[PDB]
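Inspection log for the structure reproduced underneath, given as C-alpha cells.
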Amino acid sequence: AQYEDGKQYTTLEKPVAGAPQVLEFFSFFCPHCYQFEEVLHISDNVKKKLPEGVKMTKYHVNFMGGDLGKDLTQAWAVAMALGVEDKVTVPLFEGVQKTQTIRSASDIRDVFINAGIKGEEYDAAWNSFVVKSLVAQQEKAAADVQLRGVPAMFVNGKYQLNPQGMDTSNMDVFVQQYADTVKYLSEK
C-alpha cells in the first residue's frame with residue numbers, strides 16, 4: 001500500500017482507550033521540537049488538514065533537562081490553563097535553546113511576564129490544584145504510551161507518527177507528508 005504500518009507510522013500493540021484524537025508530545029529541550037515549532041510549523045499544518053470536529057492536544061514531557069524539565073512541564077500547564085500557549089511557545093524555545101537565558105523557574109516566569117501575563121496571575125496559576133491536575137494529565141498521557149522520545153504524535157491512541165520514514169530533502173514536502181499521514185490515520 002501507499003501508507004504502510006512501520007513506514008509512515010507504527011501501530012501501538014497496546015492501544016490506549018479514551019486518548020485525545022490528535023496528541024502531540026514535546027520538550028523545550030528537544031532540538032527537533034524547536035524545528036517542528038519554528039521552522040516547520042507542524043502543529044499548524046496538521047490542523048489545516050484535519051477534518052471538522054477534531055481537537056488537537058499538545059503536552060510537555062519530563063524526561064529531558066532534569067529539574068528544569070519538570071518546571072517546564074508545570075509552566076506549560078500554566079500556559080494551557082491561562083490559554084496563553086501561543087505567546088510563550090517561541091520565547092520558551094528560544095530562551096532554552098537559542099539564547100540559553102532560561103536556567104531557573106524564575107527565568108521561565110520572566111518569559112510569561114514579558115509576554116504580558118500578570119505576576120499575580122502566573123503565581124496563582126503556578127500554585128493552583130488545577131495546574132497540578134493539568135501536570136498530572138500530561139504525565140499520564142506520556143506514561144500510557146511508554147514515551148521515551150520526542151517530538152511524538154499519536155492519533156486516537158493507536159497510531160504513532162514515524163517521521164524517519166519520510167523524505168527530508170525538502171522541508172515543505174516533509175511537512176505535507178507528515179500532515180497527510182495524520183489525516184489518513186484520522187480517517188482510519
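FYI, side chains are in, hydrogens and waters are out, and symmetry mates aren't considered; it's all heavy atoms of this structure. Along the sequence shown, residues carry numbers from 1.
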Min side-chain heavy-atom separation [X]-[Y] under 4.5 Å:
| X | Y | value |
| --- | --- | --- |
| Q176 | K49 | yes |
| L12 | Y159 | no |
| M171 | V39 | yes |
| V150 | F63 | yes |
| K158 | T11 | yes |
| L72 | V96 | yes |

Are there over 12 heavy-atom neighbours, none belonging to [X], within less than 6.0 Å of that residue's [atom1]?
| X | atom1 | result |
| --- | --- | --- |
| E187 | CD | yes |
| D86 | CG | no |
| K87 | NZ | no |
| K188 | NZ | yes |

Please step through side chain to side chain contact (heavy atoms under 4.5 Å, CB included) for the pair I113 and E121, ending with a clear verdict. CA-CA 10 Å; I113 298 298; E121 193 188 349; over 6 Å; no
Before giving the answer on salt bridge (charged side-chain N to carboxylate O under 4.0 Å, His left out), spell out for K48 and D44 the whole-Å C-alpha distance, their side-chain angles and the decisive distance to 0.1 Å. CA-CA 6 Å; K48 287 194 299 82; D44 183 54; 5.3 Å; no
Does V145 form a side chain to side chain contact (heavy atoms under 4.5 Å, CB included) with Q160? I'd like the steps, not just the answer. CA-CA 10 Å; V145 297; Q160 177 187 349; over 6 Å; no
Just say parallel, tilted or perpendicular for the rings of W76 and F26, cut-offs at 30° and 60°. perpendicular
Return the orientation label for the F154 and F25 ring planes: parallel under 30°, perpendicular over 60°, tilted otherwise. perpendicular
Checking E24 against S43: is there a side-chain donor and acceptor pair closer than 3.5 Å? yes
Can you hop from [X] to [Y] via hydrophobic side chains spaced under 4.5 Å?
| X | Y | answer |
| --- | --- | --- |
| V61 | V78 | yes |
| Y9 | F174 | yes |
| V130 | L82 | no |
| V22 | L147 | no |

Check whether the ring centres of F36 and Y178 lie less than 6.0 Å apart, and answer yes or no. yes
Looking only at atom types and distance, does a side-chain atom of [X] sit under 3.5 Å from a main-chain N or O of [Y], one as donor and one as acceptor?
| X | Y | value |
| --- | --- | --- |
| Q21 | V155 | no |
| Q74 | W126 | yes |
| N45 | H41 | yes |
| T99 | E94 | yes |
| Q138 | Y59 | no |
| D167 | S169 | yes |

Between [atom1] on residue [X] and [atom2] on residue [Y], distance to nearest 0.5 Å:
| X | Y | atom1 | atom2 | result |
| --- | --- | --- | --- | --- |
| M80 | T57 | CE | OG1 | 9.0 Å |
| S104 | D71 | OG | CG | 8.0 Å |
| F29 | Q97 | CZ | CD | 8.5 Å |
| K58 | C33 | NZ | SG | 9.0 Å |
| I117 | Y122 | CD1 | OH | 9.5 Å |
| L23 | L161 | CG | CG | 11.0 Å |

Heavy-atom closest contact ([X] atom, [Y] atom, distance):
| X | Y | result |
| --- | --- | --- |
| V131 | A81 | CG2-CB, 4.2 Å |
| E38 | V90 | OE2-CG1, 3.5 Å |
| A77 | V135 | CB-CG2, 3.8 Å |
| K7 | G165 | CE-O, 3.3 Å |
| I102 | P91 | CD1-O, 4.2 Å |
| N62 | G69 | OD1-O, 4.0 Å |

Let me see the working for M56 and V46 under side chain to side chain contact (heavy atoms under 4.5 Å, CB included), right down to the final yes or no. CA-CA 9 Å; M56 213 149 158; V46 168; 3.5 Å; yes
Identify whether the distance between the nearest side-chain nitrogen and carboxylate oxygen of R109 and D123 falls below 4.0 Å. yes
What do the steps show when you test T89 against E37 for side-chain hydrogen bond (donor to acceptor under 3.5 Å, both in side chains), and what is the final call? CA-CA 8 Å; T89 293; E37 174 62 25; 5.1 Å; no
Starting from the C-alpha separation in whole Å, work towards a yes-or-no answer on side chain to side chain contact (heavy atoms under 4.5 Å, CB included) for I108 and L92. CA-CA 7 Å; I108 295 173; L92 288 167; 4.1 Å; yes
Run the side-chain hydrogen bond (donor to acceptor under 3.5 Å, both in side chains) check on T10 and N162 step by step: do they pass? CA-CA 7 Å; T10 55; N162 184 32; over 6 Å; no
